[PDB]
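Residue numbers (PDB author numbering), protein chains in the order written: chain H, 2 to 210, 218 to 408; chain G, 2 to 210, 218 to 388, 394 to 408; chain J, 2 to 210, 217 to 407; chain I, 2 to 209, 218 to 387, 395 to 406; chain Q, 1 to 71, 89 to 102.
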Amino acid sequence: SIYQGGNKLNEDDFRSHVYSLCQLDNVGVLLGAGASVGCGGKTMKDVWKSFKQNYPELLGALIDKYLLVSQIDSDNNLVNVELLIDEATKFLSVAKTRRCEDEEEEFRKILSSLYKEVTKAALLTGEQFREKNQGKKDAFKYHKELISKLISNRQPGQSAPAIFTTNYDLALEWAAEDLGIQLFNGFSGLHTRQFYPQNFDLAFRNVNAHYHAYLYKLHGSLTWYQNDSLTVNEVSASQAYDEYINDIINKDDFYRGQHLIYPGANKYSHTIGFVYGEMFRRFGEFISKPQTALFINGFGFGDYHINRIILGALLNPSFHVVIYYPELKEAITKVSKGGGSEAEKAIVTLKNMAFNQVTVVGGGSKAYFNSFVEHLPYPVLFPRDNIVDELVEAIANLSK
Amino acid sequence: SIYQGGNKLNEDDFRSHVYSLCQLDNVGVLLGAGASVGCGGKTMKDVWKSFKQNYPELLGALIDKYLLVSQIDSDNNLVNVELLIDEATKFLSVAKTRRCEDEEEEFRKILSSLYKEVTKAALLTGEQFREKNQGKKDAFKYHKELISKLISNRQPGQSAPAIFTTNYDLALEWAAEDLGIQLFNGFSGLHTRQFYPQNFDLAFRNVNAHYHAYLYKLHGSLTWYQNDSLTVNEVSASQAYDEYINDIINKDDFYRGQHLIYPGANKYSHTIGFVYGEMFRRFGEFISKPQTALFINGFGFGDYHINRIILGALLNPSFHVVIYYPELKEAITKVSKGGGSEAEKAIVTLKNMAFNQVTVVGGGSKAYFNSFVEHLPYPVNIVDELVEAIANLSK
Amino acid sequence: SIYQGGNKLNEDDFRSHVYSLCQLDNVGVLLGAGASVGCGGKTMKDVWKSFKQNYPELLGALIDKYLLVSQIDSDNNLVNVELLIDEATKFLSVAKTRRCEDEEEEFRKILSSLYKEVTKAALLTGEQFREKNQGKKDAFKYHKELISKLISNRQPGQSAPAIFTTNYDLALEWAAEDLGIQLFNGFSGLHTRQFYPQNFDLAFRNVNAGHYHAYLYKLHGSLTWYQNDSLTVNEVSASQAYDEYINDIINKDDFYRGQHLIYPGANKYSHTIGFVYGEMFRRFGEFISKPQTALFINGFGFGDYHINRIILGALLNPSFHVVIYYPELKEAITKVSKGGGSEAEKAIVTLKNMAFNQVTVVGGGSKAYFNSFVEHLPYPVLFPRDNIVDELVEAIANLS
Amino acid sequence: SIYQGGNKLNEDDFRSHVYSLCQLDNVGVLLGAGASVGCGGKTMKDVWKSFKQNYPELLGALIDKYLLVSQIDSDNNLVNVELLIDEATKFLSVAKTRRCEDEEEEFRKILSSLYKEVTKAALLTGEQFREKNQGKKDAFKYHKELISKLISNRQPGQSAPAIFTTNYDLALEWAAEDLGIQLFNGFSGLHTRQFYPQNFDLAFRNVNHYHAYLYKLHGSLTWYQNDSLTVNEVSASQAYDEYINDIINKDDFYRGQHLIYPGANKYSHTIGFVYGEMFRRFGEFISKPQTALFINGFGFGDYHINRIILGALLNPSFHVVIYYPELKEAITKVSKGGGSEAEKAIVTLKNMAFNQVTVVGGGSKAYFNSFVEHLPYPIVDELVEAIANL
Amino acid sequence: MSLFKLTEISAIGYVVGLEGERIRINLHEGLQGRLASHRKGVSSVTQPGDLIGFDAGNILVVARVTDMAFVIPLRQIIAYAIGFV
Ligand SMILES: Nc1ncnc2c1ncn2[C@@H]1O[C@H](COP(=O)(O)OP(=O)(O)OC[C@H]2O[C@H](O)[C@H](O)[C@@H]2O)[C@@H](O)[C@H]1O
Ligand SMILES: Nc1ncnc2c1ncn2[C@@H]1O[C@H](COP(=O)(O)OP(=O)(O)OC[C@H]2O[C@H](O)[C@H](O)[C@@H]2O)[C@@H](O)[C@H]1O
Ligand SMILES: Nc1ncnc2c1ncn2[C@@H]1O[C@H](COP(=O)(O)OP(=O)(O)OC[C@H]2O[C@H](O)[C@H](O)[C@@H]2O)[C@@H](O)[C@H]1O
Ligand SMILES: Nc1ncnc2c1ncn2[C@@H]1O[C@H](COP(=O)(O)OP(=O)(O)OC[C@H]2O[C@H](O)[C@H](O)[C@@H]2O)[C@@H](O)[C@H]1O
């Protein structure tokens, strides 16, 4: 259930490998959509279920006329909600170029009813998304322990920790506000708040001779919006729920770019963002430093851009990575029988290697977020050298 | 005919501004389609008036039936071919998906005809395309001076040169294997060659007692293709002529989809756009740095995304640019009296701007590639006869 | 069956010896034609057994009219091919200067049907030789592991590894073009590749101050190099060679010419234009003439006069170690007590019967094969438990 | 006529360039069958003359039956002889492999005469070959000076001189044995002497002497091969009694695959080793920087040596100094259609435009003896005779 | 490595000072052979009254020698300028 180098490993050596990893110069963590399941979050399968359960006519057009999704996959919940938002976007361009006025109106619905089941799944508390002090609830109990452990294990001279994520939800902000810890995110101001790339190079200091961290959101957020061509603006939850969120859930309007999220599969076609490209320049530059460690959790390995970075960063002798995947046994089988999808093949090529800088952890519920957070150590504030306390431990079994 | 600051400048001061610009920390060049005219190449309006001549019965559907082209610019020869191809490329996909056969059968006829014209013009040598040592010839003489000067004008412990290009030919690769230097292009291997982006961050050195440069192609090459679903491959000219570059030219209706990576054609796929995106990324990341100089030649200023990027970079006081444009006179005349295209308005505005960070050179034939290459500085071969002497010593 | 310095040692000290030989400045490996048997290759006995039952008319003539091979060794397949390929050239060089005109045409057949049988062996895959992604199969699983281990076992400052070989096949490029490792081999270019003796002194570097690489020396040539009347050596690919010159050799039945650069003969100093065959054997002797040097040998039958002299004359340096793998050691010690034996069963017994502790020999039949050699090699210990005070951790287990 | 690459010099203009080139790090000397005349040697032409007018009857088959030689160059007295020997060994080997009688005997009869005429010329003292202290004599007086000064003109911490050679005789050994310096040739032992290529990398050193190297290119009279595949060296007093005497005083007897001189039996994988291991060292010595090479006695009739010395010149810190006596007699023949590669190459060399090729000619002022004098400079008998008589 | 070479020229010394129309130059011993052959002729300037030159990328500066002196011991030169090419 734990592999390291293609061979097998056991718990009491894993727990001491993890301890040695957390004392390195650079430590990081990349999270996904499963991490936020024990808080009210959802997953893409459930998005598809919700879609085919509330809109039964568009689902009929989508199989009979245009032939974009099959019946086997629909009935057995295998569709990808990421390669469909692209085909539906491709049809619209043609229909609009050659001036048809019915297919240019039966696709806007299909495309605005999918952007609406993806926001409700990023609200974690419902109508109480607009209220205050939502990090005092007990669902957010392990997100605090993660941050506490990460920070506390740093000594003077070393750098602060980094956190990468794809989710749009607000779950680490809510939980760091409840401790008093500042997260740098690239924005500055309160009455008009804007993105400046050179706000990732700052740090704190005390003026009479401190805890902080960095957060990189790679696929956007729910509180960002663009008006001009070179001005992105941030806003709070209560001031967003009023303007442009309660008008695309409870009113059934057509969709225009109220907020910037990247849910599709080809994220370069959008050639106006200019903020997607500042995060990956930092990811790839983080992985290229000597003495670097990365933990991964919640990610399904279905993104063609991140896999290439991870796969090409393993040509450096001082980079370590740890990966959690619950459904590993059901993938080795399907790949030994000559099948498998592009996700299972990518993780099997990682499991089957000969470099001791890779480690994979299966086991179902043992590879969950709540268990990931308990494998991490607390620090020893004053370390007993213990030879008085160690030779006695020897005397215990020595004596008889 | 040389305006720096909106105020005329003379050739002998110009030729000394250049020598100072070529001493900075970052230096780069951006080329275009015109730079390949003294080697056997063509331009993007010749390519269109050689199409509407041979194929005049496909030029009625594209206007009256499917609305991809406009009569005004089709008559004035002001069409953009990249976008036309990239749109005809997805019409076909949609039809293939929804099972509309009669139109799927027609778009193949259209694309097998467009690719013929865009391919012929880009071999530069006809049937000798598939042979060796094509850079010994005399048409590639003004492509080696560029690369030799740009290198010899560098000091030790200093960045190497960068060349961005919009063509999809090999004039610039054939002319460095002769010299004997190494070009980085993001590929590696010989029996299976693949794209690795991290390669643009490497270099060479020596361990006992060596020259390289970087090449970025923004529109592709004749030598790249796709056969799997997640891997892009590169081959040699001889190995491509056999596979596909010959059927394209000497067969009528041969067309295989989602296979070719030129010119900017199949961009909806998520494995081919990955290749086009990194280049633009790296360009916009180079053009934004302290102590940077850029020379432009052969480019027509008809892209909306490059102009925005060049302008946004003039808010930094240590970026200098040099431009070349022959039809400046005819452009100013038309723009004065409320006219001109979006390509002339931009360059006229740049000419008018009151900056000392912009220089324009329009003199007709005086703004060409061969003059550009002699405006560069060189400071101030008896070792050859021996090799042919030895070759004469056969027996 | 492991003899060190003439004595015997066991498989618990052998391993701690290997683990200390792999921690030195210079490390290398010389391979042969047996290492390519677990992938589809063949040996010279097989070449002879396939020449016999395919060209029985000329074998008669060789035994009878020219007296080149004894009728005895034939029956038991004890013939050497590298002297038979050398005598025919001597015959053809006198028939020419004499101007006879019916022996040239009788020896060209014998010198073509004999070059045809090596290629078919050195292809290893038949018709899938002209295809791509050929190192993703299982056959090369033990070629990948060797490179992985040899690289991983280095440190900062130390020199990169080298690999010398005599075979013609590509079972060592195919395997690295899957991991993503770059092997240096002398050539440079894509559309016009050429041999330069100065790009053996090249290495990597980064720009923000690809750290895996190695070197490859082929000693007898390759199935992919060709010399042109331009007097240069050019390299092409395995799909551009098949369709160009090694599709006629097999199927055409035409006469031979120096189309590709292989020499299996015994004394190829005759070739005086062989300036590529003189850099390899200079680097080989410049390698073993350095302090703190280790070499492993596998797959070599010790029937080459040029290499054994180098091995011998290198033993007078006190900081040079060898390891050797010879399966038929018992059967060859038996055959020398009678004062008989071949000329290759003496060169190995001479080594096995020394008194210096810098020579180790391994027999055991199927225990000296390539797949056991690779498993005798270690993995590295990344975070070494200092365990001067956690030495008692070992006592902790059981003393009650 | 001191021509210097399209120019002209004078005695001192030369005699200072030599002092300049003698301060370099890598110094090298090259000698052929010319510098061996003052001591009693013969060129390649006299031996062919003698063979012609001593063994006429068998000279025909070489031109009529087996076609080894050309009548034109045979008459002109310009014919290479060691290649002929090499090829005849091959013929004999083939005719002995396939069991035939007449062609076997017909070549066993020719090898003897050839080896006879080629050994007599190189004995170099007659019947005082099997005796001691042959280097005290007067003929070996300039080699001693050469060695002494070429060694003395060296700095502390500098490399050692290199001497390549195309002869197969014992003069430079007899002379160094008189001086008292140590030569290295790649051999070791006294009761069983064997070849070790890696010995060229050794060097002496003191604890509380001087030496040099010697590279032969065609072999020697004291190297041979016994029934077992190892190559052995021997002394003259021993070789004379072993084989040479019969070679010189018996009409028909031959031993195949035994002797190693001159480039005779290269078709054996045990013998070509020791030839190739010299030429590759030559190459690796050339390819070094800050090197000088003095050529005195060679006739430039060799494809490979020409090619190597030609390719060597690309990098500029390799200097060449040729000696050639009969130069204008070829300058005045190259104007016309007649000419041989020997002279074509040297005139091509003198027609260069850089200051490295330094051809020299004086008819008799370009000789070994003057070559020696061109170089700089850094009672025992009475006492020993007194002790003797006392 | 590959074919491309850059260096062709050799020199005598390097500039070390400028004191008001008065140049100071330190001489070498690295160029063991102060001879440096080239296309047309050979030259070496080792006496007053002689002319020397300096390259400044785009132009050549021409100077005349005036003095020589000491301070293996060191040597120096003094020069003035007369124009450019
Ligand atoms: N409680 C849990 N704890 C940890 N992991 C879990 C849990 N429950 C399920 N899983 C695992 O969670 C995994 C399923 O995660 P997926 O639905 O693929 O999310 P994604 O992030 O990969 O892809 C979506 C993004 O991809 C694009 O980038 C878009 O931007 C999208 O935002 C499985 O392996 C489960 O075993
Ligand atoms: N010998 C010459 N030397 C230099 N320049 C020349 C020469 N001859 C003509 N010219 C100039 O060369 C220019 C040719 O302009 P175009 O054919 O548009 O070249 P492109 O590279 O912009 O076209 C591709 C773009 O089109 C799409 O917008 C895509 O975005 C592509 O980026 C003319 O203005 C001539 O003055
Ligand atoms: N599975 C195996 N694993 C390891 N070794 C094996 C295996 N099977 C057989 N062997 C051993 O592999 C060896 C095979 O002996 P030969 O075919 O003569 O090896 P070569 O490469 O020298 O032969 C050609 C070269 O020989 C000349 O030197 C020239 O250089 C030629 O290039 C035996 O010792 C087997 O015990
Ligand atoms: N006293 C003297 N001092 C100096 N030079 C002399 C003297 N006497 C004659 N010479 C010159 O010495 C030269 C004698 O030339 P030759 O003996 O034929 O040439 P080689 O000794 O290199 O022959 C060996 C080659 O033969 C095969 O081809 C192999 O390839 C060998 O390489 C004349 O030019 C005289 O001017």
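In this text, a Cβ means the ideal position worked out from N, Cα and C, and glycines have one as well.
Whose C-beta lies closer than 6 angstroms to the C-beta of residue i among residues of the same chain, with five residues either side of it excluded?
i: J/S71; result: none
i: I/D74; result: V80
i: G/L25; result: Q299 and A301
Following the continuous beta strand (DSSP E) through residue i, name the residue where it begins and the one where it ends.
i: I/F309; result: No beta strand (DSSP E) holds I/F309; DSSP gives it neither H nor E.
i: G/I395; result: Neither: G/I395 is in no beta strand (DSSP E) and is coded neither H nor E.
i: residue 393 of chain G; result: Regarding the residue in question, residue 393 of chain G is not represented: chain G runs 388 and then 394, omitting everything in between.
Is it buried or exposed, residue i, if we count other Cβ atoms within 10 angstroms and call 16 or more buried?
i: H/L180; result: exposed
i: H/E106; result: exposed
i: H/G61; result: exposed
i: H/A273; result: buried
i: H/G228; result: buried
i: J/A210; result: exposed
i: I/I64; result: exposed
i: H/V388; result: exposed
i: J/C101; result: exposed
Which residues bound the alpha helix (DSSP H) around residue i?
i: I/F294; result: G281 to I295
i: G/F205; result: G/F205 -> not in any alpha helix (DSSP H); beta strand (DSSP E) instead, spanning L203 to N207.
i: J/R99; result: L85 to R99
Can you find the residues in the same chain that come closer than 8 angstroms, C-beta to C-beta, to residue i, ignoring five residues on each side of it along the sequence?
i: J/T193; result: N241
i: G/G370; result: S2, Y332, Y333, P334, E335, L336 and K337
In its own chain, which residues sit with a C-beta less than 7 angstroms from the C-beta of residue i, not counting the 5 before and 5 after it?
i: G/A351; result: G308, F309 and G310
i: G/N78; result: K46, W49 and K50
i: J/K117; result: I256 and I257
i: J/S326; result: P298, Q299 and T300
> Taking Cβ-Cβ distances below 7 angstroms as the criterion, which residues of the segment 48-60 of chain Q are in contact with chain G?
Replying inline: Of all residues in the segment 48-60 of chain Q, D55, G57, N58 and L60 have a Cβ within less than 7 angstroms of some Cβ in chain G.
> With contact counted as at least three CB pairs below 8 angstroms, one residue from each stretch, are the segment 280-294 of chain J and the segment 4-11 of chain J in contact?
Replying inline: Counting Cβ pairs under 8 angstroms, fewer than three are found: no touch.
> What residues from the segment 319-338 of chain H come within 7 angstroms of chain G, judged by C-beta to C-beta, listed N to C?
Replying inline: Contact annotation: in the segment 319-338 of chain H, residues whose CB is within less than 7 angstroms of a CB in chain G are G320.
> So, do the segment 252-262 of chain J and the segment 117-124 of chain J have three or more beta carbon pairs nearer to each other than 8 angstroms?
Replying inline: Taking 8 angstroms as the limit for Cβ pairs, the verdict is that the segment 117-124 of chain J does touch the segment 252-262 of chain J.
> Between the segment 26-34 of chain G and the segment 92-109 of chain G, are three or more C-beta pairs nearer than 8 angstroms?
Replying inline: They do not touch, by the three-pair rule.
> Does the segment 167-182 of chain H touch the segment 137-150 of chain H, meaning 3 or more C-beta pairs lie closer than 8 angstroms?
Replying inline: Between the segment 137-150 of chain H and the segment 167-182 of chain H there are three or more C-beta pairs closer than 8 angstroms, enough to call the two in contact.
>> Counting beta carbon pairs with one atom in the segment 235-252 of chain J and one in the segment 218-227 of chain J, are three or more of them shorter than 8 angstroms?
In response: The segment 235-252 of chain J and the segment 218-227 of chain J do not touch, with fewer than three beta-carbon pairs separated by less than 8 angstroms.
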